[PDB]
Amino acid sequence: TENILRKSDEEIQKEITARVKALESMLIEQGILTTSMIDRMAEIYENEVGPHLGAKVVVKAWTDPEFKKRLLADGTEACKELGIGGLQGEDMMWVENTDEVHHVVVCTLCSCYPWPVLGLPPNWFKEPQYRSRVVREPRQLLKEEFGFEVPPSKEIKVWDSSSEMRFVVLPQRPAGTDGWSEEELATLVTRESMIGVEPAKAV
């Protein structure tokens, strides 16, 4: 939104860059931060940990009833079956979308998100607009922002992760996918479908 008091994005970026490089120089001199540590962390979340991991869990649940039961019983233990877990995903509780219920996740108090299965969250999820409105007008937000219309008769359960428990949505399997392979099914699972702001891809 417009703010007549705010500097340009260019000036803001230039100032932040200087402040960060300065703090970085100090932490480095203290011996607690190094360039390799910086590169390793960035490498992990730019190429290793992402929503493709969550997609693997979803497709297994879609094609394995028993795994699905385990996933819904204890998300953390179930995901470990696929070697998935870790930082900010130590405690996961998966919630299943049905014809009667739709789930949507948010972290109103900050920006908590299940990194192990979804990677780092997109900026809109961490920002004030989505966080403030989703617990108050979830139905209208889904329609207006994501073009996702959820029938008035269908209950919308909004999960506000105020603790370390991370909530992940198991979207319904799209129709017309009978017998599809896990790899083929995965093409329909999106980061958005696991946050609940969108259903899995149709067709």
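We number the residues from 1 along the sequence you see.
Relative to its counterpart among 16-24 and 175-183, 175-183 has the higher mean temperature factor, C-alpha atoms as listed in the PDB entry. With 34-42 and 146-154 compared on mean CA B-factor from the PDB entry, the stretch scoring higher is 146-154. Residue set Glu66, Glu48, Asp160, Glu164: peak C-alpha B-factor at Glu48 (per PDB entry). Among the modelled residues of its chain, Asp91 has a C-alpha B-factor that falls in the lowest third, as given in the PDB entry. Remark: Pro128 belongs to the middle third of its chain, ranked by C-alpha B-factor as recorded. Among the modelled residues of its chain, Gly119 has a C-alpha B-factor that falls in the lowest third according to the deposited record.
Among all modelled residues in this chain, the alpha-carbon of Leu141 has a temperature factor (C-alpha) in the lowest third. For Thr98, the recorded CA temperature factor ranks within the highest third of the chain's modelled residues.
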